[PDB]
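Novice:
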Ligand SMILES: [Zn+2]
Ligand SMILES: [Zn+2]
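Chains as they are written, first to last, in the deposited numbering: chain A, 1 to 56, 65 to 369; chain A', 1 to 56, 65 to 369. A prime marks a further copy of an entry chain.
(1) So, at 6 angstroms on beta carbons, what are the nonlocal neighbours of residue 27 of chain A' in its own chain, with the 5 sequence-adjacent residues on each side left out?
(2) Report the residue from A:129, A:246, A:214, A:138 whose alpha carbon sits nearest the alpha carbon of residue 191 of chain A.
(3) Got a sec: which bits of the region 251-278 of chain A sit with their beta carbon under 9 angstroms from any beta carbon on chain A', in order along the chain?
(4) Find the residues of chain A that neighbour residue 314 of chain A', judging by a C-beta separation of less than 8 angstroms, and give them in chain order.
(5) Would you list the one or two residues that DSSP bridges to residue 278 of chain A?
(6) Beta-carbon of residue 294 of chain A versus every beta-carbon of chain A': anything under 8 angstroms?
(7) In the DSSP assignment, the alpha helix (DSSP H) including residue 152 of chain A goes from what residue to what residue?
(8) Taking 7 angstroms as the cut-off, is the beta-carbon of residue 180 of chain A closer than that to any non-hydrogen atom of ligand 1?
(9) Does residue 22 of chain A come within less than 8 angstroms of chain A' when only Cβ atoms are used?
(10) By how many angstroms is the C-alpha of residue 75 of chain A removed from the C-alpha of residue 52 of chain A?
(11) Can you list the alpha helix (DSSP H) stretches of 4 or more residues lying completely in the region 318-362 of chain A, in chain order?
(12) Quick check: is the beta carbon of residue 69 of chain A nearer than 8 angstroms to any beta carbon in chain A'?
(13) Is residue 338 of chain A close to chain A', meaning its C-beta is less than 8 angstroms from at least one C-beta of that chain?
(14) Check whether the Cβ of residue 290 of chain A' lies closer than 7 angstroms to any heavy atom of ligand 2, and answer yes or no.
(15) Alpha carbon to alpha carbon, what distance is there between residue 104 of chain A and residue 95 of chain A?
(16) Does DSSP put residue 167 of chain A' in a helix, in a strand, or in coil?
(17) Sort A:86, A:204, A:212 by Cα distance to residue 163 of chain A and report the nearest one.
(18) Counting along the chain, where does the beta strand (DSSP E) carrying residue 8 of chain A start and finish?
(19) Is the CB-CB distance between residue 150 of chain A' and residue 239 of chain A' below 8 angstroms?
(20) My output table needs one value for residue 218 of chain A: the three-state DSSP class, helix, strand or coil.
(21) Distance check for residue 226 of chain A and residue 316 of chain A', CA to CA, integer angstroms please.
(22) Straight-line CA distance for residue 369 of chain A' to residue 186 of chain A?
(23) At a Cβ threshold of 8 angstroms, is residue 334 of chain A' touching chain A?
(24) Taking residue 125 of chain A as the reference, which of A:134, A:132, A:113, A:152 has the closest Cα?
(25) Go ahead and label residue 66 of chain A buried or exposed: buried means 16 or more other beta carbons lie within 10 angstroms of its beta carbon, across all protein chains shown.
(26) Taking three-plus beta-carbon pairs below 8 angstroms as touching, is the region 159-175 of chain A in contact with the region 23-42 of chain A?
(27) I believe residue 292 of chain A touches residue 174 of chain A' by the beta-carbon criterion, under 8 angstroms. Please report the beta-carbon distance rounded to the nearest angstrom.
(28) Taking all protein chains shown into account, do 16 or more other C-beta atoms lie within 10 angstroms of the C-beta of residue 295 of chain A, making it buried, or fewer, making it exposed?
(29) Mind checking if residue 126 of chain A is an interface residue toward chain A', Cβ cutoff 8 angstroms exclusive?
(30) I think residue 346 of chain A' touches residue 280 of chain A', with their Cβ atoms under 8 angstroms apart; what is that distance to the nearest whole Å?
(31) Less than 8 angstroms between the C-beta atoms of residue 224 of chain A' and residue 265 of chain A, yes or no?
(32) Are the C-beta atoms of residue 64 of chain A' and some chain A residue less than 8 angstroms apart?
(33) Give the range of the alpha helix (DSSP H) segment to which residue 176 of chain A is assigned.
(34) Measuring only the C-alpha atoms, how far is residue 349 of chain A from residue 348 of chain A'?
(35) By Cβ distance below 8 angstroms, which residues in the same chain neighbour residue 351 of chain A' in space, the five residues on each side in sequence not counted?
(36) Say yes only if the C-beta of residue 310 of chain A' is nearer than 7 angstroms to one or more non-hydrogen atoms of ligand 2, and no if none qualify.
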């Protein structure tokens, strides 16, 4: 079908368009405030569904929605209309009152012409293509912090009610096919978050500093997860990468990749053609060795024993070798090319309280 | 100094010995129930510290502690004595009463001869070298489950009070140097756990099945962490490794390594000498690429744009490249040897709700 998006050059617009063009077969007609009146009528008349995302001469009727509905008046089919209103319609301030006037206008128009309408009262939004140093405080904070530019926070206790652009787009796609999410008898976007400005700033700064301490976001917390992804989007195009700390010597190198306080950490060990590393055991520290290039052996020997157990392994067949506690173990490069072993460990490395003890074989 | 360990062939014994010999300079004399009376006197007389871990002719005094104290009677120096009693001393059952008689005996002996004594009331213990199908229900469960042998659980609600052998050993080492952990005026091992048999069996089964779904233990939960390490110790010496699921084709392969619900997952991508993979973008799925062998490029292009950004990278210099949302990206092998890239992703892969969209460049 034909979908027209008013305010298509906006934050939600660019996102909805990108998704719809890739995820669907529908013909998408974009409408922005620089779309000659000629095509505006064109697209509107062709329309099967209208996603009205656009905004709201010091005198005179300048309502854009009014104009749009006016033109749709000559549309054979009764295309459904989606109206993005605000939770501000409640409050009594110019912005809220304006958005309220828009709903009212649309319901009246609907009762006369019969178009099915989906009116949502969205809260503040956040997500990737929002513009910084404009209206969105989150986009501004992400953009600045990712550039070590200082930010200004008047009150960290200020609460924010939000919806992530991903939900917004998923809900619109659901309305587009007549299955909107209803709650309290009205269409309403799911997963609304209530967060403090302070919590946001902390999270953002943590995201930036996580680059250095190889830290990760708590991914089972929806808001944090969504915030992390949007933060990444405001990254300078020349700052997508960062150098890791390689510990180098004659045997090769050992590099930490990812560290977490609850699921261990993973590092990369590189061993030169003939060296052997290890020959030690642990009380409770334990690992998972995975060689992704080269070939060699991982040897074990229970502390109270003489039998040596060997595990020949290489990058051709990917297999993990657990390192059970209480066994000294070592790993050796048996090939002529560097051996690279990915190592997962159940805890952070601490030279003061190490849990590793030297013991050959 | 000289440390004698009675019951040195026991669970805590083997552990204390292993640690002390590697972590310290002290001379360790092991004493077990097969140590001729000759040396028993020998070691006891030489002793500077006694760690009494040993146990408690249907008629007659058969108390081993009584005998030990008797011999120490002829020890010039007044070596400190550590006595492992049980929280059972409270209860009124043969075992508890016995352990109570031991404390009493030691305090009386101490008041006369002046030896400083450290009396602890330990709960049930668990840890690596405990023997299965004997007294420890945890060791038995680990040993069996790791062998797909069925287990028998009469009541899952049975509560267990435990101490992990690591704590036991750390506390003894602290007493050995006169700085025992005091609580309620008595020496007491830290980190006591209270767990249900059912919680234990669940955890154990989860540990075994985690092998297949590439899952990880919740490492910030002390009991689980300790339990996981002990479970690994009961693994058959021929079952330390497991095969990973390699997705193979012409371009190379993609293998999942580690999966978690809260910190993402990491996989291993292997690319043949000239292929290119990717050419897609995501809404909120994001990654971290790290090439550990070979060389190539990671290309980016914002969806609403034409500029192509390139990141030349290889295994010589280890550097992570974040994949920001909203940019299509692809990675290509520019070398003549296979390229292996470690890939961390913020969420599990789901072909139904994929968050990946094809888009060249
Ligand atoms: Zn190790
Ligand atoms: Zn990707």
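Ideal Cβ positions, reconstructed from N, Cα and C, are used throughout, including at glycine.
Specialist: According to the structure data:
(1) 2
(2) A:129
(3) 251, 252, 253, 254, 261, 263, 265, 266, 268, 269, 270, 271, 272, 274, 276, 278
(4) Neighbours of residue 314 of chain A' on chain A: none; closest Cβ ~13 angstroms, over 8 angstroms.
(5) DSSP lists A:261, A:348 as partners of residue 278 of chain A.
(6) Chain A', which has a Cβ nearer than 8 angstroms to the Cβ of residue 294 of chain A, makes this yes.
(7) Residues 145-153.
(8) no
(9) yes
(10) Taking the straight line joining both Cα atoms gives about 12 angstroms.
(11) none
(12) no
(13) no
(14) yes
(15) Distance between the alpha carbons of residue 95 of chain A and residue 104 of chain A: 8 angstroms.
(16) strand
(17) A:204
(18) In the DSSP assignment, residue 8 of chain A falls outside any beta strand (DSSP E) and carries neither an H nor an E.
(19) Their beta carbons are under 8 angstroms apart, which means residue 150 of chain A' touches residue 239 of chain A' by this criterion.
(20) coil
(21) 31 angstroms
(22) 35 angstroms
(23) yes
(24) A:113
(25) exposed
(26) no
(27) Rounded, the Cβ-Cβ distance is 6 angstroms, consistent with contact.
(28) A residue is called buried once 16 or more other Cβ atoms fall within 10 Å of its Cβ, and residue 295 of chain A is buried on that count.
(29) no
(30) 6 angstroms
(31) The answer is no: Cβ separation not under 8 angstroms.
(32) Because chain A' is numbered from 56 directly to 65, the model contains no atoms for residue 64 of chain A'.
(33) 173-183
(34) 12 angstroms
(35) 274, 275, 276, 277, 295, 296, 297, 298
(36) no
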